[PDB]
Amino acid sequence: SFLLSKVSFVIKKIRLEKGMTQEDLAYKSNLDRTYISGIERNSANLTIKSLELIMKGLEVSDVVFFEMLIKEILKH
Amino acid sequence: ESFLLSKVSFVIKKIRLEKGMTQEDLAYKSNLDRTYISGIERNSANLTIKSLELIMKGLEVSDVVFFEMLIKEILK
């Protein structure tokens, strides 16, 4: 899936840009490290509530996240 | 429901009504249950990214269009 891969990519990109490991983001959001690893491989079951929490943890606003996402969708 | 949650629900229903589609129409076109559509439009907490992909495919709305509308609603 095109959208799933781009969501996964943007979450990994923002996490790596904040210098956070998957563990770091998990600890900040009270999620497991394997949930973050999992979403970066396949974002199918990531919910909007979990994405809001992740965006909170990455200290990215929702608008910037979606701007980043539109950019990735359009690059393709 | 947070404001991101509410706005995702709002934008789905906004586009659905602009498309002249009922909930049942969206359910048919997305291959999701009408109960689930009903629920998302009230509260998007448990909407997954795959279900959002199928909702956009059933509304026949470009993903970029959906996220641009979402950014505009978040900013209002």
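Coordinate-derived values only; no laboratory data. As a convention, Cβ positions derive from the backbone with ideal geometry for all residues, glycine included, and neighbour counts pool all protein chains shown.
Neighbouring Cβ atoms within 10 Å as the yardstick, rank A:56, B:50 fewest first.
A:56, B:50
For the range A:1-49 and the range B:11-36, what is the separation of their C-alpha centers, rounded to whole Å?
28 Å
Taking Rh as the Kirkwood radius computed over C-alpha pairs, what is the Stokes-Einstein D of the protein assembly as shown at 20 °C in a medium of viscosity 1.002 mPa s, expressed in µm² per second?
Rounded to a whole number, D works out at 138 µm²/s.
For chain A, what does the relative contact order come out to in percent, with C-alpha contacts under 8 Å and a separation of six or more?
Answer for chain A is 37 percent.
Report ³J(HN,Hα) in whole Hz for each residue of the range A:61-75, in order, from the Karplus equation J = 6.51 cos²θ - 1.76 cosθ + 1.60 where θ = phi - 60°; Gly and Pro get x.
Values per residue, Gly and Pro as x: 6, 4, 5, 5, 3, 5, 4, 5, 5, 5, 4, 5, 5, 7, 4 Hz.
Taking the range A:1-44 on its own, what percent of its Cα-Cα pair distances exceed 13 Å?
Across the range A:1-44, Cα pairs with separations above 13 Å total 49 percent.
What is the Rg over Rh value, at two decimals, for chain B, using alpha-carbon atoms and the Kirkwood definition of Rh?
We get a ratio of 0.92 for chain B.
Divide by every residue of chain A the summed helix terms, -39500 (n - 2.57) for each DSSP H run of at least 4, and state the resulting mean residue ellipticity at 222 nm, rounded to the nearest 500 deg cm²/dmol.
-23000 deg cm²/dmol
At 7 Å along the Cα-to-beta-carbon direction for both residue B:36 and residue B:3, put a label point, then send me their distance in nm to one decimal.
Here the answer is 3.0 nm between the modelled labels.
Per residue of the range B:15-29, in order, report the coupling 6.51 cos²θ - 1.76 cosθ + 1.60 (Karplus, θ = phi - 60°) as ³J(HN,Hα) in whole Hz, putting x for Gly and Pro.
The phi angles translate into 5, 4, 6, 5, 6, x, 10, 7, 4, 5, 4, 5, 4, 4, 6 Hz.
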